[PDB]
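# Can you look at this? It's an experimental structure, sequence on top.
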Amino acid sequence: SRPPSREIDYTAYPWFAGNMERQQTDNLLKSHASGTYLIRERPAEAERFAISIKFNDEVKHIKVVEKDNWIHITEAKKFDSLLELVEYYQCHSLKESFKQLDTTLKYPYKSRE
Amino acid sequence: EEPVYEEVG
């Protein structure tokens, strides 16, 4: 009725990128401003997902490690799903994991072309 | 030919 607990679509979100190339994301974000974030897929071995964010005209990349039915980009904490991982950084600064960075998720990649 | 990325460091 009220609770929308009937299959959730992650692709519906504007921050959900498909099989995008590395060089592409670089050029795509190059035009976008700071605060822009996105998540692409990659057919790698240890890494399954790939995250990207723009900060101070610098396109950063974050590898996503998913194993043992759990998701996590670092080697300290774990998540139950990509959503929990995204929402965590969406509200909390990345400085916690990456001291070099101090930004958060605000606008998607397909926000404004 | 190796994954750099940001990484915790």
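It's in. Numbers count the residues shown, from 1 in each chain, chains lettered A, B, ... in the order given.

# would residue A:25 count as being in a helix?
Yes - according to DSSP: H, G, I helix; E, B strand; the rest coil, the state of residue A:25 is that of a helix.

# thought it was touching residue A:52?
Yes - Residue A:25 is within contact range of residue A:52, at 5.1 Å (criterion: CB atoms under 8 Å). Every residue, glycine included, has its C-beta placed from N, CA and C.

# how close does residue A:30 sit to residue A:109?
As for residue A:30, its distance to residue A:109 is 12 Å (criterion: CB to CB, to the nearest Å).

# hang on, the earlier thing: between residue A:25 and residue A:52, which is the more surrounded one?
A count of neighbours by other CB atoms under 10 Å in any protein chain shown puts residue A:52 above the other of residue A:25 and residue A:52, at 24 against 19.

# my read: residue A:74 touches residue B:9, true?
No - look at residue A:74 against residue B:9 with CB under 8 Å: they stay out of range, at 10.4 Å.

# Which one of the two is surrounded by more residues?
Per other CB under 10 Å, whichever of residue A:74 and residue B:9 has more neighbours is residue A:74, with 14 against 7.

# follow-up on the earlier one: same drill for residue A:30 and residue A:109, tell me which one is more crowded.
For the pair residue A:30 and residue A:109, the greater number of neighbours falls to residue A:109 (23 against 10), based on other CB under 10 Å.

# For the nearest residue to the more buried one once chain neighbours are set aside, list each beta-bridge partner.
When the adjacent residues along the chain are set aside, residue A:109 lies closest to residue A:38, with 3.8 Å between them (CB to CB, 6 or more residues apart in numbering or on different chains). Here residue A:38 shows beta-bridge partners residue A:52, assigned using DSSP bridges.

# how about residue A:26, what does it touch?
Residue A:26 makes contact with residue A:59 under the criterion CB atoms under 8 Å, 6 or more residues apart in numbering or on different chains.
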